[PDB]
Amino acid sequence: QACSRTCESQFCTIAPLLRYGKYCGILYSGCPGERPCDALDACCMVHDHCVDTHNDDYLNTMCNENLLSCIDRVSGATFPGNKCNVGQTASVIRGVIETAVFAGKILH
Ligand SMILES: [Ca+2]
């Protein structure tokens, strides 16, 4: 219930408040079985489930580095009504994940 079935495009350039697609955003995720909204959204869906299936470790290196690889290869159409620039938003996301990767190496 506490999940998204709609493709959002909100606070595109503000990482703490960003909500993009059904999956991209902090503590913001699509409901079970929900199709991602575009290529960027699909990267975020995989990442979200990866963290979920690794004891909620948002600093997991696999999860995080896999998202970076995925982000760098994002292309194609986006969903209707998208207020965000896809490339600019992927960059915003990438910065957050870079920070998480660095945080993980500090702690581990
Ligand atoms: Ca999310």
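Each reported figure results from applying straightforward, stated rules to the coordinates on display, with no laboratory input. FYI the Cβ positions are ideal-geometry reconstructions off the backbone, even for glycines, and counts take in every protein chain you see.
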| remark: Non-local residues with an amide H under 5 Å from the amide H of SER29, with H modelled 1.01 Å from N and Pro and chain starts lacking one, are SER4
| message | Once you order the gyration tensor axes a ≥ b ≥ c over the Cα atoms, which shape class does the stretch 17-75 get: rounded for a/c under 1.5, otherwise prolate or oblate by comparing a/b with b/c? | response | oblate
| note | Per the helix-only model, the chain has a calculated mean residue ellipticity at 222 nm (DSSP H runs of ≥4, -39500 (n - 2.57) each, divided over all residues, rounded to the nearest 500) of -14500 deg cm²/dmol
| query | Angle between the Cα long axis of helix 39-52 and the longest principal axis of the chain, 0 to 90 degrees, nearest 10? | reply | 40
| remark: Output for the stretch 58-95: trypsin sites (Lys or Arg not before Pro) sitting in coil per DSSP, at most 15 other Cβ within 10 Å, listed by number, reads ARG73, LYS83
| note | Expressed as a whole-number percentage, the relative contact order of the chain with C-alpha contacts under 8 angstrom and at least six residues apart is 26
| query | Given +1 on the Cβ of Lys and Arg, -1 on the Cβ of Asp and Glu, and no further charges, what dipole in debye does the chain carry about its Cα centre, rounded to the nearest 20? | reply | 280
| Which of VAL101, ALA39, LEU27 sits closest to the plus end of the dipole of the chain, meaning its Cα is farthest towards the positive end, when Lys and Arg get +1 and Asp and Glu get -1 on the C-beta? | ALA39
| Around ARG73: net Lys/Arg minus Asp/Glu count, Cβ-Cβ under 15 Å | -3
